[PDB]
4 protein chains.
Amino acid sequence: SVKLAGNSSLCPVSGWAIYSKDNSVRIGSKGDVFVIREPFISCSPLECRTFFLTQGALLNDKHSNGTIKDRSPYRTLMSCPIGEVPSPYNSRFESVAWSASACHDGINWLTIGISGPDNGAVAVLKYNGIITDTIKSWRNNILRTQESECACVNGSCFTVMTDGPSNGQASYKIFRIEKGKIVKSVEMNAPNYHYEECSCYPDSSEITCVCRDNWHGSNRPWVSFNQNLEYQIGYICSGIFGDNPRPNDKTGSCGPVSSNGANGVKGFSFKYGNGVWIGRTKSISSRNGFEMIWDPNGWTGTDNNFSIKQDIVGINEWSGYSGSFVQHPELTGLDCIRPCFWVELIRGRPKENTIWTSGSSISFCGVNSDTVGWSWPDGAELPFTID
Amino acid sequence: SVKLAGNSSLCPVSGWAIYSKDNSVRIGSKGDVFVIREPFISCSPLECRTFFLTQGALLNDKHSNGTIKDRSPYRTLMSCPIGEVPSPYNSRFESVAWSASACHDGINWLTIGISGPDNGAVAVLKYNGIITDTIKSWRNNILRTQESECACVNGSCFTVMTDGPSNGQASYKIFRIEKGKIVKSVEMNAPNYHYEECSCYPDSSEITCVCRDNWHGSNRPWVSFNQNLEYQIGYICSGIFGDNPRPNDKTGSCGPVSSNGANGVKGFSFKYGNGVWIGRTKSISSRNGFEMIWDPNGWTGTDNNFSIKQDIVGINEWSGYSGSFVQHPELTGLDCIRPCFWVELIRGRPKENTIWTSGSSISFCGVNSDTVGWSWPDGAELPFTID
Amino acid sequence: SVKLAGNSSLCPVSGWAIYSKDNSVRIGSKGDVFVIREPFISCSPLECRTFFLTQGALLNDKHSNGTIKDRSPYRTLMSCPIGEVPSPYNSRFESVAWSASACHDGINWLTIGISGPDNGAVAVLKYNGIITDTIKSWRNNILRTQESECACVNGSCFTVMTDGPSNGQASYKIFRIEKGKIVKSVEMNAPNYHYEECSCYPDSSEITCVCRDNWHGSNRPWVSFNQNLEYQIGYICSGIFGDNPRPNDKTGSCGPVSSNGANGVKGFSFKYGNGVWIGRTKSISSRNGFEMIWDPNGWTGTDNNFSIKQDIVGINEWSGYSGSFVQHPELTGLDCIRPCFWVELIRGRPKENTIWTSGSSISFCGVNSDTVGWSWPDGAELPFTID
Amino acid sequence: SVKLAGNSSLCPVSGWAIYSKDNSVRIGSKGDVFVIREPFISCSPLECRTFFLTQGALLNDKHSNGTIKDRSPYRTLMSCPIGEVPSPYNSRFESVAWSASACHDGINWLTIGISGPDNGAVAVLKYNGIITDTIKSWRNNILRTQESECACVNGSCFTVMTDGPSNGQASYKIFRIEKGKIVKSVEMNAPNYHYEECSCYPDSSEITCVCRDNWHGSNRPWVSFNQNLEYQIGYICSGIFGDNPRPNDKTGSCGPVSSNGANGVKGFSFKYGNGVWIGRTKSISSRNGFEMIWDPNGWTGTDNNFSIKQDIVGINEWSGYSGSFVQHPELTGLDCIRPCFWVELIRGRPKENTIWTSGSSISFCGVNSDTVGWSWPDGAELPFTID
Ligand SMILES: *[C@@H]1O[C@H](CO)[C@@H](O[C@@H]2O[C@H](CO)[C@@H](O)[C@H](O)[C@H]2NC(C)=O)[C@H](O)[C@H]1NC(C)=O
Ligand SMILES: *[C@@H]1O[C@H](CO)[C@@H](O[C@@H]2O[C@H](CO)[C@@H](O)[C@H](O)[C@H]2NC(C)=O)[C@H](O)[C@H]1NC(C)=O
Ligand SMILES: CO[C@@H]([C@@H]1OC(C(=O)O)=C[C@H](NC(=N)N)[C@H]1NC(C)=O)[C@H](O)CO
Ligand SMILES: CO[C@@H]([C@@H]1OC(C(=O)O)=C[C@H](NC(=N)N)[C@H]1NC(C)=O)[C@H](O)CO
Ligand SMILES: CO[C@@H]([C@@H]1OC(C(=O)O)=C[C@H](NC(=N)N)[C@H]1NC(C)=O)[C@H](O)CO
Ligand SMILES: CO[C@@H]([C@@H]1OC(C(=O)O)=C[C@H](NC(=N)N)[C@H]1NC(C)=O)[C@H](O)CO
Ligand SMILES: *[C@@H]1O[C@H](CO)[C@@H](O)[C@H](O)[C@H]1NC(C)=O
Ligand SMILES: *[C@@H]1O[C@H](CO)[C@@H](O)[C@H](O)[C@H]1NC(C)=O
Ligand SMILES: *[C@@H]1O[C@H](CO)[C@@H](O)[C@H](O)[C@H]1NC(C)=O
Ligand SMILES: *[C@@H]1O[C@H](CO)[C@@H](O)[C@H](O)[C@H]1NC(C)=O
Ligand SMILES: [Ca+2]
Ligand SMILES: [Ca+2]
Ligand SMILES: [Ca+2]
Ligand SMILES: [Ca+2]
Ligand SMILES: [Ca+2]
Ligand SMILES: [Ca+2]
Ligand SMILES: [Ca+2]
Ligand SMILES: [Ca+2]
Ligand SMILES: [Ca+2]
């Protein structure tokens, strides 16, 4: 039993092979499946698990009513083996939460679950299911975190949290956590930046996060840092805009792109030098479709040219949140950190005429062997009996 | 694999961080969830489990009819991982019982399950699921026990049982149990006292129990003892009355407070010198709401002043039973015994127009980092389809 | 990991403490519970499991139709932890079978499952879930076995099988099995005897079986043997008749009691010298009620006097099959083999107006501490929605 | 933990003893059971598992509509313990796939799952649930594989894949895989042959596959090879034709039998010198019934005589796919590789008036002790409530 090193580089990849699909909503039509949203994947040296925020209710039951709502005392962070439907019969309880993160340092699971009132939320940190720390809202305005896996390097795991307005300047903090205890934090000095729901991963002993600007950027902000939390900040320069909503592709900016900049969706990207693997919706205006784009100079370059595009979900199909997750050499036996990603497929409100909102998931892992584009949509037929 | 020492002191705490919430009733609207009551939490060196008394039926089924009833041949003690719904598909069978206790000595689980007729009930003791002892009613009047975890110190576990009237003087016995075998017992000499449903915990090699006086006390009786069963008795002196029902807060008594003293509810409190952490309903007349109060001299002082109050369940929401559970250093890695507590959220009869009665649960653990008050209620919408 | 010795004597006991109750039928009203019958319990050095013959269908589903039928290609032997409901979600598959036995030798599980046509049934023997042997019908007339646990001594396990008429002289064979392989068998020379559904247990290195005479005995036949299959045969002499149906208690016989001798029910008894613990229905004419009787000279004496009687199921409640199971010192840490027993509570056809037949179960273990009589019935309300 | 040797010979067997039956469709009438097809069994040194292709839906739910369809983005390869129903609550997720294979090399599970578009499908290979390789369609015409277990010898596992027309000459490749990585492949030079859905097993360090000719053969093609992929090809010569559909038994051919040669069904056979154990439907025109036939010179001889026939499923009952699986000495303790087989029992479309298509399964293992023929059919009553 040993700590993840996290000191090797990210595996370069040429394409994405499908890894999992849970068909949660299709199955929940009859089976006992949690109403969920904000799912994410995270692995240990032994297994990969799907984490998710339940709504404390099951699909096709009356208690799924009004589940478009983001926060409540009923939401809980739970997890199950990857690819399985989130059910009360196969799910491990993690924490009470309407915002969350989780990651394995090689020894145990760290989970972070935020609950409580909007004006004084509290993040409860657990290590091996034991409460080890808490951090309370410092701006009294919806303390919130990744909704994807934290990143671990040599026994230290890192996350980002935000507190403050969703439509203006907020406050962003980076945390270093050891055995579930916060050992260091720093507030990012990022005037005119907006960070939410960061997708963070380790790469050569350091952490890179690609996040969501809900205020005024249709491209994605990023923050990178070493174990001592010495950080750098910026925005993805590519004219291949990564957020949703967004403008049509055109000349980009290394700062926040104001056009269609308000609102957004959780997403991710993988940096490789000046290049970037961009995951994004296919629609510029709604959470529909998904695609992976390789842009060889997209991290630092502003043009809208790219080299590779791989279809993941058809433009006429619902998508939603997406996030990175990695597989360490301790798990794979490789000499690099393998990048994977998941996509949330959201069904129900507000776009569909149901009483409920829930999602299923798909995931892919990066490879250098042959791959293919396609569409792996949710596939449920709405409305349900309960609607 | 080693016996719990139980020789360190109780961890002082400034607040309570939320630990679990199962949403059992909300989920049971569709899912296969046991009708239950009298749940409690108990931990081993490895995990924490929710124990509970089923009614041998599932929610939203006709067999849940009449489950306001306390005792029957169908009630069974079962357990599942903390935070999960009590289902036939994830629950371990423990014992046949309509009253129960359980605890882990560091090596194995001890469970105590009382079943049989009101005039001759028998407690069946199990160690690692094997019957190790029995104790039969000695007053022929509803032998009954904790409905929360027993307490273990250096290979010996302790509990309290009551036999006799619920509305007058009864008989109370303390038991010392080793590997599931009763090695010693003593009858408490407590004229004018009434003890039921004790919440007991270890603290510096000795046991402290805070219980329910159903006869004539609106404050809570307590009994403490060493491994030798040499005991002391009294009542919590604070004018912050702990039982339900109870009078409005006023000058208290170190004896039983007669005002609104009849009837009651299972509860708990944590002693710290002259001070006390009091968990109680918010309503003085019904099982509604829940709050934690820190009263620096409430154990021995009679005034109605206090220093800290933390909201747990809103006054307009149903609560019910509550009980202590601890986490030992063998589990946490701390240098003290950590105090936690659970709350039963009762739904159905008699206050609601259903055919059934059942509960869900929430739990919290004590910390010295930042916390927040809120309301984490049951959240089910009654009546159900079966009603 | 070591073979059960089985060389200590049976623990003498003064009473029976309740061990488990699954409430299968009550729960199956909504939950996904197998339609079953012929359940039995058996333990390893680590755990105790309920074995049972499914009807390849669930309660309250149309496929439960006609399940009064004894034999079909759909019946399967499965098992789950004791006290849990037999569900597709918690049950281990053992074998395809409409008659069965099983037991643990201390190393692995032996299971015996008989399937195939009435005129050529085949018993499939498995050791650790791997087929190790088969034995085919030798009289071409419904090869059938214990429907309770086989008995193991020093790495050898033993069972009894019957082939031939249910209403006249049949053929009875004893088998010695090692690691799932039949190493020896012998045909019992028992003219005028009838043996079915034996309840066998180990006691001082030898095996004692108490069985069912379906031909012409209202008392129970027995067969005992050593590891070399050298056997003795007889009938329980007590005037406290053990079968169902049976006459009112009166002077008994050490041979088959012809009065009400036809038909019967699976049962058990524990021999202690000239004495016997008798488990039986309360009704002399139907499968209702259950009681344990201690008759100090009932094994060899013909009078109808007895010393102890303990109620188990009320006479106005349904019972059914019953069988012995033991707990070895390797499991309990005792210096003797502890006797326990289970009772099948049959609901549905032919006595009740349903389309189906199924059972739940209760179990008890022998102790020398205080116990109490009561009634722990099935408790389901029939008919069900499907009827 | 050690690699399977696979160097012993196949165990000669005289008959087949029933091993498992899951009753999936009967149970799925009420329970939460996946709609599935193309099930198969495969074992490790420790356990045997049922693999299967779900339709991302449950029985008796509207999402089972149209499941006669072979390929979709919703189909997933999952597995559960043998004999258990495939449920979301007991099934492990393996891969996203509408065609698949899997096998254990003694250390870990290899799974192969093909998904993507018909004109560019991709096989994703996993070792211990981690993606280790991919192979993409080379003829752009429905890349497809075994639908039964791959075969492992000394740390190398082997499979066969096909790409191209289902009604004419296609392309067939053999693969050698080590720890989930393709280390060698070769295209079979088989003009006028057609290979699909091979059932492959190890025997004396080499691999033998019996497959399906969908083009123009009513007998079955075979391919055998050593670890070096040096292969031999041919057709089973016996006049006891093995495919479905097929002509009435008559003089056979060692080449493809054109009569009723178009179309077919997945099947298997076990070679013993010039002899062959043939598993086949009972009907020559439809997927009904199943039987095992021993033909002492059927591998190389063209006559229609045989020595042994054992009934498995009645001619008036539905069958479907069938495939071999083996149990290695590492699992059984035998000095040979034991032959077993499974049968898919298909219910629904196109032969039955339902909206759905799904299957249950039975399995048998070869023995030299006594066995019996019978019929162990699916047993579900169609249509269902959803139809
Ligand atoms: C979910 O919530 C909606 C809104 O409360 C429910 O629809 C309402 O039903 C109530 C009671 O019949 C009426 O007073 C309103 O007119 C309805 N509102 C609307 C907008 O239709 C709905 O019944 C709930 N669904 C379930 C399954 O409980
Ligand atoms: C169980 O079986 C019985 C007997 O087949 C079914 O009752 C029959 O229903 C059929 C079709 O409606 C009628 O032809 C007969 O008149 C009925 N027989 C009797 C004795 O009532 C019954 O419907 C089945 N139950 C279920 C749930 O499938
Ligand atoms: C308030 O909305 C935020 C979150 O956005 C949304 C979404 O579907 O866009 C889901 C979350 N739901 C949950 N995590 N439960 C949010 N975040 C929270 C904390 O509400 C947003 O990033 C603006 O601040
Ligand atoms: C008789 O009522 C006692 C118990 O009261 C409570 C209650 O909700 O107040 C539930 C229990 N239900 C169960 N434990 N099943 C009781 N205790 C019993 C043994 O009935 C009380 O303490 C008075 O003696
Ligand atoms: C034929 O009846 C025999 C069995 O009896 C009965 C019963 O409820 O009485 C249940 C069984 N059901 C099953 N084991 N499935 C039987 N035995 C069998 C093999 O049918 C009897 O002992 C006479 O020979
Ligand atoms: C196209 O049909 C092929 C397969 O046929 C069968 C069948 O029931 O006959 C089911 C499969 N279903 C799945 N494996 N999902 C097929 N194979 C595929 C890849 O569709 C056939 O062998 C001809 O090429
Ligand atoms: C990464 O960490 C491992 C484990 O400590 C160490 O042995 C190795 O030197 C590091 N790798 C590199 C490339 O620095
Ligand atoms: C508590 O028990 C432990 C374990 O035996 C012992 O080593 C230690 O001395 C004790 N601690 C105190 C403070 O007495
Ligand atoms: C029973 O078997 C044990 C284990 O082999 C042996 O040591 C012991 O002598 C036996 N007990 C008796 C009473 O003979
Ligand atoms: C088969 O493999 C085993 C394991 O390596 C080896 O020891 C043995 O010699 C082989 N058996 C034969 C018959 O070659
Ligand atoms: Ca934005
Ligand atoms: Ca570019
Ligand atoms: Ca009171
Ligand atoms: Ca005070
Ligand atoms: Ca259900
Ligand atoms: Ca009889
Ligand atoms: Ca007598
Ligand atoms: Ca063909
Ligand atoms: Ca021949």
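Side chains included, hydrogens not; waters and symmetry mates left out as well; all remaining heavy atoms used. In what follows, chains carry the letters A, B, and so on, assigned in the order in which the sequence lines appear, proteins first and then strands, with residues in each chain numbered from 1.
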*Asks:* For the pair D:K136 (side chain) and A:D370 (backbone), establish whether a donor and an acceptor sit closer than 3.5 Å, ignoring hydrogens and angles.
*Replies:* no
*Asks:* Do you know which of D:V33, D:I131, D:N128, D:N90 has the most heavy-atom pairs with chain A at a distance under 4.5 angstrom?
*Replies:*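 Answer, by heavy-atom pair count under 4.5 Å with chain A: D:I131.
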*Asks:* Counting only heavy atoms closer than 4.5 Å, note whether D:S87 contacts chain A via side chain, backbone, both or neither.
*Replies:*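 For D:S87, there is no contact with chain A at all, as no heavy atom is under 4.5 Å.
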*Asks:* Would D:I130 and A:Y19 count as a side chain to side chain contact (heavy atoms under 4.5 Å, CB included) if you check the C-alpha gap in whole Å, the side-chain angles of each, and the deciding distance to 0.1 Å?
*Replies:* CA-CA 9 Å; D:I130 297 308; A:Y19 192 53; 3.7 Å; yes
*Asks:* How close do A:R26 and D:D61 get, counting heavy atoms only, and between which atoms?
*Replies:*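 Smallest heavy-atom distance, with atoms named: O-OD2, 3.8 Å.
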*Asks:* Got a second to check how far A:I27's CD1 is from D:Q55's CD, nearest 0.5 Å?
*Replies:*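 Answer rounded to 0.5 Å: 11.5 Å.
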*Asks:* In terms of heavy-atom proximity below 4.5 Å to chain D, should A:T385 be classed as side chain, backbone, both, or neither?
*Replies:* neither
*Asks:* So for atom NZ, which belongs to A:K309, do other residues, nucleotides or ligands contribute more than 12 heavy atoms lying within a distance under 6.0 Å?
*Replies:* yes
*Asks:* Does the cation-pi check pass for D:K62 over A:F384, that is, NZ or CZ under 6.0 Å from the six-membered ring centre and within 45° of its axis?
*Replies:* no
*Asks:* My understanding is that only one of D:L125, D:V122, D:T132, D:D133 makes a side-chain contact (heavy atoms from CB on, under 4.5 Å) with A:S369; could you say which?
*Replies:*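 The option that passes is D:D133.
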*Asks:* Counting only non-hydrogen atoms closer than 4.5 Å, does D:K179 touch chain A with its backbone (N, CA, C, O), its side chain (CB onward), both, or neither?
*Replies:*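 Contact with chain A involves no heavy atom of D:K179 at all.
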*Asks:* Identify which part of A:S24 has an atom lying under 4.5 Å from any heavy atom of chain D, answering side chain, backbone, both or neither.
*Replies:*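 Interface part for A:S24: neither.
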*Asks:* Relative to chain A, which segment of D:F34 carries a heavy atom at a distance below 4.5 Å: side chain, backbone, both, or neither?
*Replies:* side chain
*Asks:* Counting heavy-atom pairs under 4.5 Å with chain A, which one of D:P117, D:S137, D:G120 comes out on top?
*Replies:*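 Looking at each option in turn, the highest pair count goes to D:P117.
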*Asks:* Pick one of side chain, backbone, both or neither for A:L331, based on which atoms fall under 4.5 Å of a heavy atom in chain D.
*Replies:* both
*Asks:* Heavy-atom pairs under 4.5 Å with chain D are the metric here; pick the option from A:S20, A:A17, A:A380 that has the most.
*Replies:*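 So the answer, after comparing A:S20, A:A17, A:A380, is A:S20.
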*Asks:* At a heavy-atom separation under 4.5 Å, does D:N60 approach chain A through its side chain, its backbone, both, or neither?
*Replies:* both
*Asks:* Heavy atoms, side chains only, cut-off 4.5 Å: are A:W376 and D:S115 in contact?
*Replies:*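 Counting from C-beta outward, A:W376 and D:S115 do come under 4.5 Å.
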*Asks:* Under a 4.5 Å heavy-atom cut-off, does chain D meet the side chain of A:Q327, its backbone, both or neither?
*Replies:* side chain
*Asks:* If I measure from the heavy atoms of chain D, does A:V367 come under 4.5 Å with its side chain, its backbone, both, or neither?
*Replies:* side chain
*Asks:* Given a strict heavy-atom distance threshold of 4.5 Å, which part of D:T134 is in contact with chain A: side chain, backbone, both, or neither?
*Replies:* both
*Asks:* Which heavy-atom pair separates D:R92 from A:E84 by the least distance, and what is that distance?
*Replies:*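 Scanning both residues, the minimum pair turns out to be CA-OE2, 4.0 Å.
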*Asks:* Evaluate whether atom NZ of D:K184 has more than 12 neighbouring non-hydrogen atoms of other residues, nucleotides or ligands under 6.0 angstrom away.
*Replies:* yes
*Asks:* Below 4.5 Å, heavy atoms only, C-beta onward: do A:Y89 and D:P88 meet side chain to side chain?
*Replies:*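 SC-SC contact between A:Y89 and D:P88 ruled out.
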*Asks:* Please find the pair of heavy atoms, one from A:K21 and one from D:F93, that lie closest to each other, and give the distance.
*Replies:*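 Nearest pair, atom of A:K21 first, then D:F93: O-CE1, 3.4 Å.
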*Asks:* Taking every non-hydrogen pair under 4.5 Å, which of D:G31, D:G129, D:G56, D:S91 racks up the most with chain A?
*Replies:* D:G56
*Asks:* Side chain, backbone, both or neither: which part of A:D32 has an atom under 4.5 Å from a heavy atom of chain D?
*Replies:*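 It is both, since atoms from each part get that close.
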*Asks:* Does any backbone or side-chain atom of D:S64 lie under 4.5 Å from a heavy atom of chain A? Answer side chain, backbone, both or neither.
*Replies:*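 Neither part, no heavy atoms under 4.5 Å.
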